[PDB]
Amino acid sequence: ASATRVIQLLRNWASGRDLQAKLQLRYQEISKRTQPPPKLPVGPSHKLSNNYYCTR
Amino acid sequence: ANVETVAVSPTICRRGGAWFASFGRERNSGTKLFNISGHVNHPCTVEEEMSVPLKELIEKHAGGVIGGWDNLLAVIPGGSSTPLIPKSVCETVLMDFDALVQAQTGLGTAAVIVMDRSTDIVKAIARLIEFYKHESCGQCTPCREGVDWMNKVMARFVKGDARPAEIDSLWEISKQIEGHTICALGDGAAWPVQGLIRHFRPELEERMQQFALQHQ
Ligand SMILES: Cc1cc2nc3c(=O)[nH]c(=O)nc-3n(C[C@H](O)[C@H](O)[C@H](O)COP(=O)(O)O)c2cc1C
Ligand code: SF4
């Protein structure tokens with residue numbers, strides 16, 4: 001956030017809480033809009049042997 | 001009828017069935033032609049009593065294994081269609097139908113192929129599978145497709161390209177082929193692979209490990 005400290009004090013007094021601690025606008029703590037690629041694990045039926053479909 | 005089966009027919013008649021029987025164990029009567037080839041000092045063919053032990057047959061008529069009997073690695077007792085057996089079994093097994101059935105291989109055509117500790121055991125089985133791939137008539141699905149599939153898998157096994165989880169996979173492929181084909185060529189293609197996997201799995205696994213090591 002970014003505002004005058006006297007306005008922050010007035011806000012805290014009127015609301016009764018420290019507003020700055022839990023700001024409702026996301027300034028910079030959220031995840032990046034670009035991420036590394038994933039890998040994604042395969043399922044339990046991805047076996048090469050002992051996997052006849054009639055048993056599952 | 002097989003040529004050998006017919007040729008003996010008149011001698012059995014003249015001498016009698018009782019005489020012919022007087023040779024070999026029960027249900028294993030008569031004499032037999034054996035072709036001893038591979039890693040033996042004197043490869044040949046010889047007539048012998050049915051239930052002769054394998055070791056006596058190899059060391060007497062064929063001159064033994066090159067490098068001594070302790071140089072022996074494996075023996076295919078009845079031609080390529082029968083599963084191979086290791087030296088642990090070869091030293092005490094009899095050369096008849098029931099005895100070799102109890103050794104999980106089978107007498108086959110009584111064509112002993114000997115391989116010593118100096119051969120690539122996977123390469124020999126791969127060559128046999130290539131023979132079966134080239135000899136399939138192609139009529140039925142399990143043979144026509146699965147024998148070619150097994151040939152490709154085995155050629156990759158020879159190099160070590162595969163992973164251990166494929167070995168069991170290969171086993172199941174053979175099981176699907178065996179007993180599901182019109183002809184018994186599918187059985188003869190699936191049995192050598194089963195023998196190699198049953199008796200020489202660690203060699204396959206270490207070949208895969210080596211290939212991974214120098215390839216990463
Ligand atoms: C793929 C294949 C090839 C065979 N080739 C021969 C062969 O070359 N000679 C032979 O006597 N039997 C061969 N057989 C087995 C025959 O079925 C067998 O000769 C026939 O049943 C009669 O043989 P027998 O006199 O021993 O009873 C072959 C079987 C298969 C499945
Ligand atoms: S199993 Fe026999 S009939 Fe079937 S494709 Fe092979 S050779 Fe032909």
Side-chain angles (χ1 to χ4, degrees), chain B residues 1-17 19-21 23-38 43-52 54 57 75-85 94-113 124-155 169-197:
Chain B
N2 183 259
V3 168
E4 208 209 292
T5 302
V6 183
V8 306
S9 188
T11 292
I12 281 167
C13 273
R14 269 186 311 261
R15 298 172 93 138
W19 158 87
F20 189 70
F23 296 88
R25 305 191 301 168
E26 176 223 71
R27 255 93 47 65
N28 301 265
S29 319
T31 87
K32 189 80 189 64
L33 285 178
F34 300 87
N35 304 100
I36 321 161
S37 86
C44 52
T45 188
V46 66
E47 194 169 338
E48 195 47 56
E49 199 165 357
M50 262 294 286
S51 306
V52 55
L54 172 63
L57 175 68
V75 156
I76 310 172
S80 71
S81 179
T82 48
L84 82 167
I85 46 178
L94 298 186
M95 287 278 343
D96 64 78
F97 292 102
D98 307 25
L100 283 163
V101 155
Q102 264 318 276
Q104 301 174 87
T105 165
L107 176 69
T109 61
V112 181
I113 316 166
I125 299 311
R127 196 50 187 83
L128 293 183
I129 301 314
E130 187 194 333
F131 162 86
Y132 277 116
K133 178 252 163 175
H134 288 160
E135 294 306 328
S136 165
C137 77
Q139 190 183 11
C140 71
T141 309
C143 184
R144 167 186 78 243
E145 313 294 327
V147 177
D148 174 67
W149 188 358
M150 264 189 321
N151 186 50
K152 288 187 189 206
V153 165
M154 273 297 332
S169 181
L170 176 63
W171 182 273
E172 297 207 0
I173 294 312
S174 69
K175 282 308 185 178
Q176 302 187 335
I177 300 174
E178 171 191 340
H180 300 94
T181 66
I182 294 160
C183 156
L185 198 145
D187 286 305
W191 281 335
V193 162
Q194 278 159 31
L196 178 74
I197 297 175

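Read the numbers this way: they start at 1 and go in the same order the structure lists the ligands and their atoms. A note on names: the letters A, B, ... follow the listed sequences, proteins ahead of strands, and every chain is numbered from 1.
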Verify [atom]: protein non-hydrogen atom under 4.0 angstrom away:
atom	result
atom 26 (O) of ligand 1	yes
atom 9 (N) of ligand 1	yes
atom 17 (O) of ligand 1	no
atom 20 (C) of ligand 1	no

**Message:** Quick one, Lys32(B) with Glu4(B), criterion salt bridge (charged side-chain N to carboxylate O under 4.0 Å, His left out). Give me CA distance, side-chain angles, the key distance, then yes/no.
**Reply:** CA-CA 9 Å; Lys32(B) 189 80 189 64; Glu4(B) 208 209 292; 2.9 Å; yes

**Prompt:** Can a donor-acceptor pair be found between the side chains of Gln104(B) and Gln194(B) at a distance below 3.5 Å?
**Reply:**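 No, because no side-chain N or O of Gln104(B) sits under 3.5 Å from a partner of the opposite role on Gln194(B).
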
**Prompt:** Distance only, no hydrogens: is a donor on one side chain within 3.5 Å (strictly under) of an acceptor on the other, for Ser51(B) and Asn28(B)?
**Reply:**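 Absent: no donor and acceptor within the cut-off.
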
In the protein, which heavy atom is nearest to [atom], and how far is it?
atom	value
atom 3 (S) of ligand 2	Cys183(B) CB, 3.0 Å
atom 31 (C) of ligand 1	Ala184(B) CB, 3.6 Å
atom 5 (S) of ligand 2	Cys143(B) CB, 3.2 Å

**Asked** Does a side-chain heavy-atom distance below 4.5 Å link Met154(B) with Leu196(B)?
**Response**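 Yes - at least one pair of side-chain heavy atoms lies under 4.5 Å apart.
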
**Request:** Identify the residue among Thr82(B), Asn35(B), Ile76(B) that makes a side-chain contact (heavy atoms from CB on, under 4.5 Å) with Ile113(B).
**Result:**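 Of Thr82(B), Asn35(B), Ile76(B), side-chain contact (heavy atoms from CB on, under 4.5 Å) with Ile113(B) is met by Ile76(B) alone.
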
**Message:** I need the atoms of ligand 1 closer than 4.0 Å to a non-hydrogen atom of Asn2(B), numbered in the order shown.
**Reply:**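 The list of qualifying atoms is 9 (N), 10 (C), 11 (O), 23 (O), 24 (P), 25 (O), 26 (O).
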
**Asked** Just which atoms of ligand 1 are under 4.0 Å from any heavy atom in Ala1(B)?
**Response**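 That gives atoms 25 (O) of ligand 1.
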
**Message:** Within this structure, what is the CD-CG distance for the pair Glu47(B) and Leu33(B), rounded to the nearest 0.5 Å?
**Reply:**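 Interatomic distance, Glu47(B) CD to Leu33(B) CG, rounded to 0.5 Å: 5.5 Å.
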
**Prompt:** Can you tell me how far the CE atom of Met95(B) sits from the CG atom of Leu57(B), to the nearest 0.5 Å?
**Reply:**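 If I round to the nearest 0.5 Å, the distance is 6.5 Å.
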
I'd like to check which ligand 2 atoms, numbered from 1 as shown, lie under 4.0 Å from a non-hydrogen atom of [X].
X	value
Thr181(B)	1 (S)
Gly138(B)	5 (S)
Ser136(B)	5 (S), 6 (Fe)
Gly186(B)	1 (S)
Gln139(B)	3 (S), 5 (S)

**Asked** Strictly under 2.8 Å, is any N, O or S atom of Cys140(B) next to atom 4 (Fe) of ligand 2?
**Response**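 So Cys140(B) counts as coordinating atom 4 (Fe) of ligand 2, yes.
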
**Message:** Any side-chain to backbone donor/acceptor pair from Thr109(B) onto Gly78(B)? Under 3.5 Å, distance only.
**Reply:**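 A pair under 3.5 Å: yes.
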
**Any donor-acceptor pair under 3.5 Å from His180(B) side chain to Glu178(B) backbone** =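 Yes.
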
**Request:** Kindly confirm whether atom 2 (Fe) of ligand 2 is within less than 2.8 Å of some N/O/S atom in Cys137(B)?
**Result:**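 No N, O or S atom of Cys137(B) is closer than 2.8 Å to atom 2 (Fe) of ligand 2, so no.
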
**Message:** Does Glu172(B) form a salt bridge (charged side-chain N to carboxylate O under 4.0 Å, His left out) with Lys175(B)? I'd like the steps, not just the answer.
**Reply:** CA-CA 5 Å; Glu172(B) 297 207 0; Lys175(B) 282 308 185 178; over 6 Å; no

